[PDB]
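J.: Sharing a structure below in structure tokens format, with a few things to ask.
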Amino acid sequence: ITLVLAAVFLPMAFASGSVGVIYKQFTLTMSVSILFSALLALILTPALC
Amino acid sequence: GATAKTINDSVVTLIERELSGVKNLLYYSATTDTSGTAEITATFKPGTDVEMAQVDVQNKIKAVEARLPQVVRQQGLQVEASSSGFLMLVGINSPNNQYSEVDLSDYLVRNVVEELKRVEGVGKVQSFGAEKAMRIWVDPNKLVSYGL
Amino acid sequence: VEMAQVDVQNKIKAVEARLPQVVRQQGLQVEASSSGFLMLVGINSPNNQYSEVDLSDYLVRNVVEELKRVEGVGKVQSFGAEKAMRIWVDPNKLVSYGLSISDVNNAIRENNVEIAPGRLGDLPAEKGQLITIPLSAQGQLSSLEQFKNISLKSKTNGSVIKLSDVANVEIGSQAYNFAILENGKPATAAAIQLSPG
Amino acid sequence: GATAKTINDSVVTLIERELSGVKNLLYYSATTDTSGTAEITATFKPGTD
Amino acid sequence: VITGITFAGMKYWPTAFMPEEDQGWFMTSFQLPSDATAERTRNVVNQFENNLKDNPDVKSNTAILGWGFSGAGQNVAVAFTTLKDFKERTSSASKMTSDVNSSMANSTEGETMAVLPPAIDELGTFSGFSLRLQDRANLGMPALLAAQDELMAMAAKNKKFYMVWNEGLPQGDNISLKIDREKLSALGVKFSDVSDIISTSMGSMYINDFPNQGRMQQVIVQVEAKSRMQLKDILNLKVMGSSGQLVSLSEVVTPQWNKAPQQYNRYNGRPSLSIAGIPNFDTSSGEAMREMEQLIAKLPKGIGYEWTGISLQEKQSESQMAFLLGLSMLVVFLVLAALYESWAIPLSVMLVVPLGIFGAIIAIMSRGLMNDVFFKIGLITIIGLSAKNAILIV
Amino acid sequence: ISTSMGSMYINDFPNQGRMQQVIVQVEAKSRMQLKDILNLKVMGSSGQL
Amino acid sequence: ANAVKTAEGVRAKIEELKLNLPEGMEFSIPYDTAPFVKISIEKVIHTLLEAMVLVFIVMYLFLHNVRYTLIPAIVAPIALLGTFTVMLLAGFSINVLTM
Amino acid sequence: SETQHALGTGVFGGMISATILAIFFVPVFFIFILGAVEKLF
């Protein structure tokens, strides 16, 4: 699910025009957030539990 | 020394033809009026280096300098980065009417505009006033009567 | 190349004022190397009806602009003469009336001039002004006959004469140094380059 | 062949008016002496091209 | 059936680019006719200020007279009306723009248009669609202006637009003096004298700098304002002659009045006229532009149009929606096939996207929101989330 | 000498909307041989060419 | 350039020049667009905080215990902090779209 | 609030519909697709 969600947002970052810049913010933010959350899920939550 | 039509015919059309070579050019427009000046605005692709575009328009516009009317050449052409909107309006007003519009504009240009330009991030400071100067209002009738 | 050209421009600006006045009048042409060459498009007159100047004028006015509307076309450059007005004076006729070529130059420089346009009702304006109207005048000459009718004064006897009397006025080439022939007949050519990427 | 005041009023100030609005500028100084020569230096932010 | 309904809704629902927001200020542009002095524009701006003084919802109202975003002159003015804080203010700035337009339409000499700030910081100057009507067949400026009058007439009777107008200086009259060189030489008056007396009659001429209070300021000499207000004043400018008898201009120059454009505009290398418009409520910015294109289609042959500013970017955004929304799904399919080592299992996970669109599209329909960029981002997010939900079971 | 044998650029004139140079020179027939050049006449203060 | 920095600099310099003003002359700022940016950013941050609170309430009512819910709760702030680090590294700014 | 509504309404409806319809359709999609694939080959 992490890989799917991260891959979903990349294609719209390479668009052309102003919409490309608009979509870049969302793509970067959400993809990096999801990747960091996945990293924490396999690292911190096991020890916490 | 030209009317709007003449500036359009011999300045605007000549300069706009060199814009095709410029890289990352989306569209270009030109405007002239009965004011003795013409403005050609070129828009580039979103997310591009403005300084590179400016230098690459400055280089391209020299192709027509020899062909441009000789009178136009001396004054020259100014290529600069353009923003479409304002950010702040800094004003000086006299509640007691001690100073008039001329004096307020003179003070604004003399002591404030340059200082505001020093502010970090300021791109342009456009003063809607004018500096002080010696105006000689001549009467043609008196001059012709005196032979001058 | 852009920055090298800009540096060249910036450095040559220092000594521009010390150059000969004629050189400054004609101007200094600074341009980077082509770096791009797609094709050459030429116009020729097999019948010999038209000259090189006419072909170049018809290419510049009616062809060059449209050819840049094609996608990927950039910097279409002509290799033809530019039309201009030329006055060929006769020294024998000049001295017949006691004139000099400097007199012809002064007369053409004085009669042919640009009159500055203005606005009636411009600011500051007298209170009570209701309408402001632009106003302009024509001082320059656009036809050959006007240039032939330029008035000169005979120094020998004072009889008014015309530039036609002491000179032949015609529209020809700005320079005659180079000529282009296609199969032995007048022709002009223009190089069409490629836009970046 | 002129006083320092003449060069300061007619040369240094005029250029300094426009020179204020240049990108990456850190500061600028101007010096005029009794030799007919004036020098205006503009120091920019580190790393500027 | 659900997939078909979603496809129909996606295709045939109105679309927009970016929602508008109230930023707390609006802009009023005043365009008096060409034969207007500063006094009349000042009177109109003063009337606007006087009307806005009654509003308890205006904090500051500054006016720049003589400068406009579309042109410069003595018949152009721009006023910035700042609005109080929303908590203490209940006006819905758009309502103030509408009320200003209504008030200024009934008893004002020139056009007075009140507009909202643009959605994007540097895209355009107003909040609406901007178009350039171009003469693509060398039809001439008067023909382009006739086309522009026709288009305005057709747009004025349509319900899909609120107010469509032209941004720029109007057509105006001019005087063209014709110097009679034959009589000029007959009377013995030098041409340079006339060319210099006419040129300096109305034009400011700078000479030299002078020191005032330690600053070098300009010295300008110009004809007195009394002698440059009427045509007779300039036409009564006597000039010297060979015989020594003064000759007036009126004897040698014939005045001629002619009507012609006061501003020349070109777009993409062609003669053009700039047109602005504000779409009417219940019509999106795409819907208004579609009918604008349709109306322009019936204009005389040789006249074309080209969108610019925030309309061109809107078209660009709408064009690539299909490719982006297809490539995203293809990427999900490929990633799932790579992960789960099958071509059928990913297919099952990829059949839920239509269900995701079914519900988002109808939610925006129910709330009345157009198909903007935010909707597209939400669609991508739902593409991802539906795949997550399907994977969890599969 | 500069105007008679060399092209002299004085000003520009409008030809069908394009500004073009105006130039003055001596006719071809009078500048092909050295004899004609030595007969070029210069105005003098006394008033005699 | 950043609007907030420019606006604050202009206002600070104006405040500095108030000392040298002749009597009878007054500065004014009739039109400034800087504040709306801060208002929008603050509103977006408040909406984000409300979203975190609602998500926490949801996880609480399903997991039934604070101990269980704190484990997933602290993942969110750390991921956002990492995203802030990556935005600084890449060059992106804190705008309404990013938030 | 206009931008927030635009960004939120579509995703809200999409998530609701996705969850509700998927929880019942994804098993149907799986059974149908896998059975068809097995039958075809």
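Naming works like this for the structure tokens: A, B, ... for the chains as they're shown, residue 1 at the start of each chain, ligands 1 onward in shown order.
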Would you kindly report the residues of chain B within 10 Å of chain D, using only C-alpha atoms, as number ranges by chain?
T.: B: 113-125
J.: With N, CA and C atoms retained, write the just-selected residues as a PDB file, in the first residue's frame.
T.:
ATOM      1  N   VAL B 113      12.179  56.973  -1.404  1.00  0.00           N
ATOM      2  CA  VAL B 113      12.146  55.970  -2.468  1.00  0.00           C
ATOM      3  C   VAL B 113      13.449  55.180  -2.506  1.00  0.00           C
ATOM      4  N   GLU B 114      14.587  55.876  -2.465  1.00  0.00           N
ATOM      5  CA  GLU B 114      15.868  55.180  -2.481  1.00  0.00           C
ATOM      6  C   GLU B 114      16.023  54.290  -1.256  1.00  0.00           C
ATOM      7  N   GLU B 115      15.603  54.778  -0.086  1.00  0.00           N
ATOM      8  CA  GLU B 115      15.694  53.969   1.125  1.00  0.00           C
ATOM      9  C   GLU B 115      14.805  52.735   1.030  1.00  0.00           C
ATOM     10  N   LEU B 116      13.595  52.888   0.488  1.00  0.00           N
ATOM     11  CA  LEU B 116      12.723  51.732   0.317  1.00  0.00           C
ATOM     12  C   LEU B 116      13.332  50.723  -0.647  1.00  0.00           C
ATOM     13  N   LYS B 117      13.994  51.202  -1.704  1.00  0.00           N
ATOM     14  CA  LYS B 117      14.665  50.283  -2.619  1.00  0.00           C
ATOM     15  C   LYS B 117      15.706  49.437  -1.896  1.00  0.00           C
ATOM     16  N   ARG B 118      16.285  49.958  -0.811  1.00  0.00           N
ATOM     17  CA  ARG B 118      17.283  49.205  -0.061  1.00  0.00           C
ATOM     18  C   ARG B 118      16.675  48.043   0.713  1.00  0.00           C
ATOM     19  N   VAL B 119      15.353  48.037   0.909  1.00  0.00           N
ATOM     20  CA  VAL B 119      14.723  46.964   1.666  1.00  0.00           C
ATOM     21  C   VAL B 119      14.983  45.631   0.982  1.00  0.00           C
ATOM     22  N   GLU B 120      15.145  44.586   1.787  1.00  0.00           N
ATOM     23  CA  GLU B 120      15.358  43.250   1.248  1.00  0.00           C
ATOM     24  C   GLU B 120      14.149  42.801   0.435  1.00  0.00           C
ATOM     25  N   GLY B 121      14.413  42.238  -0.744  1.00  0.00           N
ATOM     26  CA  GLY B 121      13.395  41.632  -1.572  1.00  0.00           C
ATOM     27  C   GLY B 121      12.621  42.597  -2.447  1.00  0.00           C
ATOM     28  N   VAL B 122      12.771  43.907  -2.236  1.00  0.00           N
ATOM     29  CA  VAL B 122      12.059  44.867  -3.068  1.00  0.00           C
ATOM     30  C   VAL B 122      12.558  44.765  -4.501  1.00  0.00           C
ATOM     31  N   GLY B 123      11.619  44.667  -5.437  1.00  0.00           N
ATOM     32  CA  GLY B 123      11.961  44.546  -6.840  1.00  0.00           C
ATOM     33  C   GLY B 123      11.894  45.867  -7.572  1.00  0.00           C
ATOM     34  N   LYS B 124      10.834  46.634  -7.327  1.00  0.00           N
ATOM     35  CA  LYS B 124      10.699  47.947  -7.949  1.00  0.00           C
ATOM     36  C   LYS B 124       9.980  48.876  -6.986  1.00  0.00           C
ATOM     37  N   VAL B 125      10.281  50.166  -7.075  1.00  0.00           N
ATOM     38  CA  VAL B 125       9.556  51.204  -6.353  1.00  0.00           C
ATOM     39  C   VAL B 125       9.098  52.230  -7.377  1.00  0.00           C
TER      40      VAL B 125
END
J.: List the neighbours of residue 67 of chain B out to 10 Å using only C-alpha atoms; skip same-chain residues closer than 6 positions along the sequence, and give me the result as a ChimeraX atom specification.
T.: /B:10-11,14-15,73 /C:26-27,29,82 /F:19-21
J.: Mind writing the picked residues with C-alpha atoms as a short mmCIF file (atom, residue, chain, number, x, y, z; two decimals), in the first residue's frame?
T.:
data_model
loop_
_atom_site.label_atom_id
_atom_site.label_comp_id
_atom_site.auth_asym_id
_atom_site.auth_seq_id
_atom_site.Cartn_x
_atom_site.Cartn_y
_atom_site.Cartn_z
CA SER B 10 8.86 51.28 -37.23
CA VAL B 11 9.66 50.14 -33.66
CA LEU B 14 10.68 45.44 -35.93
CA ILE B 15 11.53 44.42 -32.36
CA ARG B 73 19.05 53.83 -31.39
CA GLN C 26 25.52 53.27 -38.91
CA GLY C 27 25.98 51.40 -35.64
CA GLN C 29 26.46 45.05 -35.24
CA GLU C 82 18.05 47.24 -48.33
CA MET F 19 12.14 54.01 -42.43
CA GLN F 20 14.96 53.93 -44.98
CA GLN F 21 18.20 55.86 -45.37
#
J.: What are the residues of chain D that have an atom within 9 Å of an atom of chain E, counting only C-alpha atoms, as number ranges by chain?
T.: D: 9-10, 13-14
J.: Determine, for each residue of chain G having at least one atom at most 10 Å from an atom of chain H, the closest pair of atoms and their separation in Å to one decimal, counting only C-alpha atoms; order by chain and ascending number, as CSV.
T.:
residue,atom,partner,partner_atom,distance
G:40,CA,H:1,CA,9.8
G:43,CA,H:1,CA,9.4
G:44,CA,H:4,CA,9.0
G:47,CA,H:4,CA,9.3
J.: When you look at segment 28-40 of chain D with a cut-off of 9 Å (counting only C-alpha atoms), what residues show up, excluding the ones that are within fewer than 5 positions of it in the same chain? I need them as an MDAnalysis selection string.
T.: chainID D and resid 1:5 7:8 11:13 15:16 19:20
J.: Residues within 6 Å of segment 30-46 of chain B, please, as a PyMOL selection string. Count only C-alpha atoms; anything in the same chain fewer than 5 positions from it doesn't count.
T.: (chain A and resi 17) or (chain B and resi 3-4+24-25) or (chain E and resi 263-266)
J.: Excluding same-chain residues fewer than 4 positions from residue 38 of chain A, what lies within 8 Å of it counting only C-alpha atoms, as a PDB file with N, CA and C atoms, in the first residue's frame?
T.:
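Below you can see part-v4.pdb, which holds the result:
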ATOM      1  N   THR A   2       1.987   1.228   0.732  1.00  0.00           N
ATOM      2  CA  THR A   2       2.892   2.371   0.721  1.00  0.00           C
ATOM      3  C   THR A   2       3.419   2.631  -0.683  1.00  0.00           C
ATOM      4  N   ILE A  34       3.988   9.736   3.249  1.00  0.00           N
ATOM      5  CA  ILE A  34       3.609   8.328   3.252  1.00  0.00           C
ATOM      6  C   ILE A  34       4.840   7.446   3.410  1.00  0.00           C
ATOM      7  N   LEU A  42       7.278   0.228  10.454  1.00  0.00           N
ATOM      8  CA  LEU A  42       8.086  -0.977  10.584  1.00  0.00           C
ATOM      9  C   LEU A  42       9.245  -0.815  11.557  1.00  0.00           C
TER      10      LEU A  42
END
J.: Can you tell me which residues surround residue 259 of chain E at a distance of at most 7 Å, considering only C-alpha atoms, apart from same-chain residues fewer than 3 positions away, and format the answer as a PyMOL selection string?
T.: chain E and resi 172-174
J.: Could the residues in this selection be written to a file with N, CA, C and O atoms, as a PDB file, in the first residue's frame?
T.:
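The resulting file, part25.pdb, is shown below:
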ATOM      1  N   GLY E 172     -10.298  57.561 -30.795  1.00  0.00           N
ATOM      2  CA  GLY E 172     -10.465  58.985 -30.572  1.00  0.00           C
ATOM      3  C   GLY E 172     -10.100  59.806 -31.788  1.00  0.00           C
ATOM      4  O   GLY E 172      -9.593  59.295 -32.788  1.00  0.00           O
ATOM      5  N   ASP E 173     -10.359  61.106 -31.680  1.00  0.00           N
ATOM      6  CA  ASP E 173     -10.109  62.048 -32.759  1.00  0.00           C
ATOM      7  C   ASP E 173      -8.722  62.668 -32.625  1.00  0.00           C
ATOM      8  O   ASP E 173      -8.140  62.730 -31.539  1.00  0.00           O
ATOM      9  N   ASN E 174      -8.193  63.131 -33.757  1.00  0.00           N
ATOM     10  CA  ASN E 174      -6.873  63.736 -33.817  1.00  0.00           C
ATOM     11  C   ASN E 174      -6.855  64.805 -34.900  1.00  0.00           C
ATOM     12  O   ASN E 174      -7.627  64.752 -35.861  1.00  0.00           O
TER      13      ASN E 174
END
J.: Per DSSP on the backbone, what are the helix (DSSP H, G or I) residues of chain D, as number ranges by chain?
T.: D: 4-19
J.: Hey, what's within 6 Å of residue 139 of chain C if we count only C-alpha atoms and toss same-chain stuff fewer than 3 positions away? As a PyMOL selection string, please?
T.: chain C and resi 113-115
J.: Residues of chain A within 12 Å of chain B, using only C-alpha atoms, as JSON, numbers by chain?
T.: {"A": [15, 16, 17, 18, 19, 20, 21, 22, 24]}
J.: If you measure from atom CA of residue 201 of chain E to atom CA of residue 182 of chain E, what distance in Å do you get, rounded to one decimal?
T.: 22.8 Å
J.: Find the distance between atom CA of residue 89 of chain B and atom CA of residue 10 of chain G and write it in Å to one decimal.
T.: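 Separating atom CA of residue 89 of chain B from atom CA of residue 10 of chain G is a distance of 10.1 Å.
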J.: How close does chain E get to chain A? List, as CSV, each residue of chain E within 8 Å, its nearest atom pair and the distance in Å to one decimal, counting only C-alpha atoms.
T.:
residue,atom,partner,partner_atom,distance
E:313,CA,A:17,CA,6.5
E:316,CA,A:17,CA,7.0
E:317,CA,A:19,CA,6.1
E:320,CA,A:15,CA,7.8
E:324,CA,A:12,CA,6.0
E:327,CA,A:11,CA,7.0
E:328,CA,A:8,CA,5.5
E:329,CA,A:8,CA,7.5
E:331,CA,A:7,CA,6.8
E:332,CA,A:4,CA,5.9
E:335,CA,A:4,CA,6.6
E:336,CA,A:4,CA,7.3
E:373,CA,A:19,CA,7.6
E:377,CA,A:23,CA,7.6
E:380,CA,A:8,CA,7.1
E:381,CA,A:9,CA,7.9
E:383,CA,A:8,CA,7.7
E:384,CA,A:5,CA,5.2
E:385,CA,A:5,CA,7.4
E:387,CA,A:4,CA,7.6
E:388,CA,A:1,CA,5.3
E:391,CA,A:1,CA,7.2
J.: Residues of chain G that approach chain E to 7 Å or less, counting only C-alpha atoms: could you list each one with the shortest pair of atoms and its distance in Å to one decimal, rows by chain and increasing residue number, as JSON lines?
T.:
{"residue": "G:30", "atom": "CA", "partner": "E:60", "partner_atom": "CA", "distance": 5.7}
{"residue": "G:31", "atom": "CA", "partner": "E:82", "partner_atom": "CA", "distance": 6.6}
{"residue": "G:36", "atom": "CA", "partner": "E:23", "partner_atom": "CA", "distance": 6.5}
J.: For chain B, list the residues within 6 Å of chain E, counting only C-alpha atoms, and write the list as a list in words.
T.: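 So the contacting residues turn out to be residues 28, 29, 30, 31, 32, 33, 84, 133, 134, 135, 136, 137, 138 and 139 of chain B.
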J.: Identify all residues of segment 49-185 of chain C in strand (DSSP E) (DSSP on the backbone) and supply them as a ChimeraX atom specification.
T.: /C:73-78,83-89,118-120,133-137,151-153,160-162,167-173,181-182,185
J.: For the interface of chain G with chain B (cut-off 8 Å, counting only C-alpha atoms), please tabulate each contacting residue of chain G alongside its nearest pair of atoms and their separation in Å to one decimal, rows sorted by chain and increasing number, as JSON lines.
T.:
{"residue": "G:1", "atom": "CA", "partner": "B:121", "partner_atom": "CA", "distance": 5.8}
{"residue": "G:2", "atom": "CA", "partner": "B:121", "partner_atom": "CA", "distance": 7.2}
{"residue": "G:3", "atom": "CA", "partner": "B:87", "partner_atom": "CA", "distance": 7.3}
{"residue": "G:5", "atom": "CA", "partner": "B:121", "partner_atom": "CA", "distance": 7.3}
{"residue": "G:6", "atom": "CA", "partner": "B:121", "partner_atom": "CA", "distance": 5.4}
{"residue": "G:7", "atom": "CA", "partner": "B:88", "partner_atom": "CA", "distance": 7.1}
{"residue": "G:9", "atom": "CA", "partner": "B:119", "partner_atom": "CA", "distance": 5.7}
{"residue": "G:10", "atom": "CA", "partner": "B:119", "partner_atom": "CA", "distance": 6.1}
{"residue": "G:13", "atom": "CA", "partner": "B:116", "partner_atom": "CA", "distance": 7.2}
{"residue": "G:24", "atom": "CA", "partner": "B:94", "partner_atom": "CA", "distance": 5.7}
{"residue": "G:25", "atom": "CA", "partner": "B:94", "partner_atom": "CA", "distance": 4.8}
{"residue": "G:26", "atom": "CA", "partner": "B:93", "partner_atom": "CA", "distance": 5.4}
{"residue": "G:27", "atom": "CA", "partner": "B:92", "partner_atom": "CA", "distance": 4.6}
{"residue": "G:28", "atom": "CA", "partner": "B:91", "partner_atom": "CA", "distance": 5.0}
{"residue": "G:29", "atom": "CA", "partner": "B:90", "partner_atom": "CA", "distance": 5.1}
{"residue": "G:30", "atom": "CA", "partner": "B:89", "partner_atom": "CA", "distance": 6.4}
{"residue": "G:31", "atom": "CA", "partner": "B:89", "partner_atom": "CA", "distance": 5.3}
{"residue": "G:32", "atom": "CA", "partner": "B:88", "partner_atom": "CA", "distance": 4.7}
{"residue": "G:33", "atom": "CA", "partner": "B:87", "partner_atom": "CA", "distance": 5.8}
{"residue": "G:34", "atom": "CA", "partner": "B:87", "partner_atom": "CA", "distance": 7.3}
J.: At most 6 Å is the cut-off: for each residue in chain G with any atom that close to an atom of chain A, write down the nearest atom pair and the distance in Å rounded to one decimal, counting only C-alpha atoms, chain first then increasing number, as a Markdown table.
T.:
| residue | atom | partner | partner_atom | distance |
| --- | --- | --- | --- | --- |
| G:79 | CA | A:36 | CA | 5.1 |
| G:83 | CA | A:33 | CA | 5.9 |
| G:98 | CA | A:25 | CA | 5.3 |
J.: Just how far from atom CA of residue 115 of chain E is atom CA of residue 79 of chain E, in Å to one decimal?
T.: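 Here the two named atoms are 10.6 Å from each other.
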